[PDB]
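This report refers to the structure that appears directly beneath it.
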Amino acid sequence: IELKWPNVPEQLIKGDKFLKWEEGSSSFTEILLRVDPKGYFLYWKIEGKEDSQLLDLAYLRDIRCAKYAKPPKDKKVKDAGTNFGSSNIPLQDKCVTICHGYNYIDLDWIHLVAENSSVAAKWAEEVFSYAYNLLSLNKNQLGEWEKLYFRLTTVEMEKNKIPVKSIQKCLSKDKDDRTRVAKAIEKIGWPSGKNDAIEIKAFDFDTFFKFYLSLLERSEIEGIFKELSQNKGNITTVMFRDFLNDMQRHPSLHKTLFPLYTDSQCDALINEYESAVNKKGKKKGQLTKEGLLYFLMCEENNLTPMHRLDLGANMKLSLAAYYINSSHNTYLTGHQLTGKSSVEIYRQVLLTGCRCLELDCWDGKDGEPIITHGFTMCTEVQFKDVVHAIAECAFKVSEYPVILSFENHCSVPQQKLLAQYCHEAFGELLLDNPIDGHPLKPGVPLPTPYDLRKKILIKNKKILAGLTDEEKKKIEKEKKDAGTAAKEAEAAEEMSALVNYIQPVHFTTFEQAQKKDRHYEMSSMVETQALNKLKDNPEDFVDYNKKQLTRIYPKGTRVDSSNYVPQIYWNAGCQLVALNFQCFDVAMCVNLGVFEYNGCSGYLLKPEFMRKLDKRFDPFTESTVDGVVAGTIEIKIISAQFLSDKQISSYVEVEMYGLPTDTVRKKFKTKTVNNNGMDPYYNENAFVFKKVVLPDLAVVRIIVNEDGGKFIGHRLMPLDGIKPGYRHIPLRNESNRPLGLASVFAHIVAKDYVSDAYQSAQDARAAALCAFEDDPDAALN
Ligand SMILES: [Ca+2]
């Protein structure tokens, strides 16, 4: 597993000097910029003053330097920066721009100037790597608690002392919950007062964990401990092995690829855990209550299967074998018709890992091409600027190929500039000719993502009478739902010559595509088109997608930039299922959580039975698929930790997305706990997903909400490689960045299913598609 934890060099911990300025301002400030040893926060002291400002790197979006940073325009700021550090180097080259945001749409900015270009570059490289470090982004609750510990030990610390009010501000805003913190501190034996500070020397992380035990009443652990220990007192080495090997492990998981824990191994771990927790009383091969609870919070119990999280999938199959992360009308930050168009958005969407972007290209009124949603009140941006942005961020987070979907409406003259600008901005990254071994001829499979790393492919145009009347009308409806994409400019040679493996063609019939046998010909279908084909011949659609690429996009009537649940189209094997990244609904939340895995590359390999040429498959099946083994899943939502700093009322919800017959929404919801943002104890009877026809396509999602139905957090767990047992589940926001301490504690059952044992073809299928709606019972009408 090639993933590593952050490694912050002494230079950054000790810190470097910068000047900080703000846009639309005459003045500035010199600061000492710093990172904590674990690499979780940027922090600096605003001079001769109280405290330290902080940026939580979990929400850092990008840090940039040199040519990609924003230099100051105000005269007297410019002056400062030139004479700051070394006067040799041009100001541009000392500049560092940081953008952050709890979500990637509403951003905040930080502008800085360093002493030379190396410092700039170093912070730029280092900080980024910390923010996008996957292990840090998937750390278990003990990790987040440590994160808090490091905040208090570096940022909040004043003269080697940790103020109590800082410990309070971090954990609560409510008065009673703050007094809970007070009393908890007192139990430990620390100073308890509003105005006290704890000496650093007394403030070790192990006692800071006893603080956790004192603060929260994790009553769950009593019964868990009694289950495993029974009347035998403490959990022996042998008991704990069986616990790890039976309950905490999937019965299907391959014994030799994933070897069982051993007596000797468990001994080592019990020792680690009892050292953190017991010290004075630790015994060789004996695990106490607090030892066990520690484990359940520690990295070894992390729900994330590192093997699936790492970039470990086979990258060496045809492109058509992959689910590819896709964006629709990338340029829009908001509403479809009144919304703003952005250059920045292209950066952000790429930085999430997204691989397929869209560029609606329109003729600009001064000779220079623009991007916008044509004939609407949306704003316009410059095409030249957009492609330079694309090139900048195309391969920061993923080495694997980007596909640019072009809606071309330009004049022949302006199209020559599109082409030229692509060459200018992309230089060597632009794939303007096929590669060896994959000529554009019939029978030849597409290249592999591995073959096409650090390349950018262009999807532009290159240079059915006889129907029934209801078909004609169904087609007219498709065409208008296509919006502006329905009619495009004809291709100019200078543009057509850049297209190769991704040639969009006007899809006709399925039999047509396999007779032509042209793996490089693809089809971009508006959702209305897709649903038609999907309902008519679903199996044929699955087979089509084994060799060729299907892109799917939102119908025009979704003016709010609403999204469909992508599992509808992934079920058919559609690779480029494009979404509106500016809208954080269920669909988008699901998308971002799914594409985290596989080193967050934007690529996920389809399940095997979907790539096998000879095998027929019906995504609308309700009985089991031959070869593929069905499963049962049981989720028992027990409690939550640190949902909020205020005393909220919350409930938890659990949904599943995948095949129609496996998709469940608005069915499972816990009792509501009132007035407790800290340790609400739901204790809900398990939620059973009895028959999961096809787990490899299925994901499960835990959602936590405030009483009024306001979003608090969520977590996504694909069934392919899910870990059962008691697990801590740290919640994430909608952009799939962590909330931090906010977590859920659940018991998971994952195993193989074992049993005891009209309507029109497409009416039945259309009915199945309601499972995906936000209101499955009512939408079924
Ligand atoms: Ca469009």
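Values for this structure:
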{"read-out": "Test result for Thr508, part of a loop (DSSP other than H, G, I, E, B), assigned by CATH to the domain that holds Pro401 and under 32 Å from the mean Cα position of the chain (by Cα)", "value": "no"}
{"read-out": "Residues located in region 484-502, provided they are polar (S, T, N, Q) and within 16 Å of the ligand (Cβ to nearest atom)", "value": "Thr484"}
{"read-out": "Residue list for region 43-79, restricted to those being more than 20 Å from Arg347 (Cα to Cα) and within 28 Å of the chain's Cα centre (by Cα)", "value": "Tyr43, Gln53, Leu54, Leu55, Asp56"}
{"read-out": "Residue ID - nearest to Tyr59 (Cα to Cα), chosen from residues in region 350-363 that are of a type outside the set (A, V, I, L, M, F, W, C) and away from the ligand (no atom under 12 Å from the Cβ)", "value": "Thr352"}
{"read-out": "Residue that is nearest to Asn563 (Cα to Cα) [pool: residues in region 364-379 that are buried (at least 17 other Cβ atoms within 10 Å of the Cβ) and away from the ligand (no atom under 12 Å from the Cβ)]", "value": "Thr379"}
{"read-out": "Pick from region 313-349, criterion within 18 Å of the chain's Cα centre (by Cα), polar (S, T, N, Q) and within 16 Å of the ligand (Cβ to nearest atom), ranking: farthest from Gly101 (Cα to Cα)", "value": "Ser326"}
{"read-out": "All positions within region 400-417 that are farther than 12 Å from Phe383 by Cα, more than 16 Å from the ligand (Cβ to nearest atom) and of a type in the set (S, T, N, Q)", "value": "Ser411"}
{"read-out": "Qualifying residue in region 431-447 (condition: in contact with a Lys or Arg (Cβ under 8 Å, 6 or more places away or on another chain), away from the ligand (no atom under 16 Å from the Cβ), outside any loop (DSSP other than H, G, I, E, B) and not small (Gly, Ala, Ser))", "value": "no"}
{"read-out": "Within region 136-186, considering residues that are polar (S, T, N, Q) and more than 26 Å from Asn675 (Cα to Cα), the one farthest from the chain's Cα centre (by Cα)", "value": "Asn160"}
{"read-out": "Helices (runs of 4 or more DSSP H) within region 541-614 that include 2 or more residues within 16 Å of the ligand (Cβ to nearest atom)", "value": "none"}
{"read-out": "So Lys147, is it out of contact with any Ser or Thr (no Cβ under 9 Å at 6 or more places or on another chain) and outside the structural domain of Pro37 (by CATH)", "value": "no"}
{"read-out": "In region 503-530, the residues that are within 21 Å of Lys455 (Cβ to Cβ) and away from the ligand (no atom under 16 Å from the Cβ)", "value": "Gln503, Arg518, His519, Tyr520, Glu521, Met522"}
{"read-out": "Residue in region 326-343 that is assigned by CATH to the domain that holds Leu579 and under 30 Å from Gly443 (Cα atoms) present", "value": "yes"}
{"read-out": "Of residues in region 274-304 being farther than 15 Å from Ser229 by Cβ and aliphatic (A, V, I, L, M), the one nearest to the chain's Cα centre (by Cα)", "value": "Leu303"}
{"read-out": "In region 463-490, the residues that are surrounded by 19 or more Cβ atoms within 10 Å (Cβ to Cβ) and outside any helix (DSSP H, G or I)", "value": "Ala482, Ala489"}
{"read-out": "Evaluation of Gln420 against (1) within 16 Å of the ligand (Cβ to nearest atom); (2) surrounded by fewer than 16 Cβ atoms within 10 Å (Cβ to Cβ); (3) part of a helix (DSSP H, G or I) (one fails), failing number", "value": "(1)"}
{"read-out": "Test: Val749 is in contact with a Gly (Cβ under 9 Å, 6 or more places away or on another chain), assigned to a strand (DSSP E or B) and farther than 24 Å from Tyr59 by Cα", "value": "yes"}
{"read-out": "Residue in region 399-411 that is surrounded by the most Cβ atoms within 10 Å (Cβ to Cβ), counting only those that are more than 30 Å from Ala313 (Cα to Cα) and in contact with a helix residue (DSSP H, G or I) (Cβ under 9 Å, 6 or more places away or on another chain)", "value": "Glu407"}
{"read-out": "Selection within region 752-781 - in contact with a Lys or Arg (Cβ under 8 Å, 6 or more places away or on another chain), not hydroxyl-bearing (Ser, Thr, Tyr) and not in a helix (DSSP H, G or I)", "value": "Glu773, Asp774, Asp775"}
{"read-out": "Count - residues of region 91-125 that are part of a strand (DSSP E or B) and charged (D, E, K, R)", "value": "1"}
{"read-out": "Residue that is crowded, with 17+ Cβ neighbours inside 10 Å and of a type in the set (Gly, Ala, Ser), where the choices are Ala131, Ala121", "value": "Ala131"}
{"read-out": "Options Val577, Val586, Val652: the member that is among the β-branched types (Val, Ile, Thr), touching an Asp or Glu at 6+ places or on another chain (Cβ under 8 Å) and crowded, with 23+ Cβ neighbours inside 10 Å", "value": "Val652"}
{"read-out": "Residue in region 144-166 that is touching a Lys or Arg at 6+ places or on another chain (Cβ under 9 Å), closer than 30 Å to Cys589 by Cβ, hydrophobic (A, V, I, L, M, F, W, C) and not in a loop (DSSP other than H, G, I, E, B) present", "value": "yes"}
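Table: residues versus (1) surrounded by fewer than 21 Cβ atoms within 10 Å (Cβ to Cβ); (2) more than 30 Å from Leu107 (Cβ to Cβ).
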{"residue": "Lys533", "(1), (2)": "yes, yes"}
{"residue": "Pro538", "(1), (2)": "yes, yes"}
{"residue": "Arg551", "(1), (2)": "no, no"}
{"residue": "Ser562", "(1), (2)": "yes, no"}
{"residue": "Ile568", "(1), (2)": "no, yes"}
{"residue": "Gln582", "(1), (2)": "no, no"}
{"residue": "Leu613", "(1), (2)": "yes, yes"}
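Reconstructed Cβ throughout: ideal geometry from the backbone, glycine too, with neighbour counts over all protein chains shown. Numbers and lists here come from the model and the stated rules, or from a named source; these are not laboratory values.
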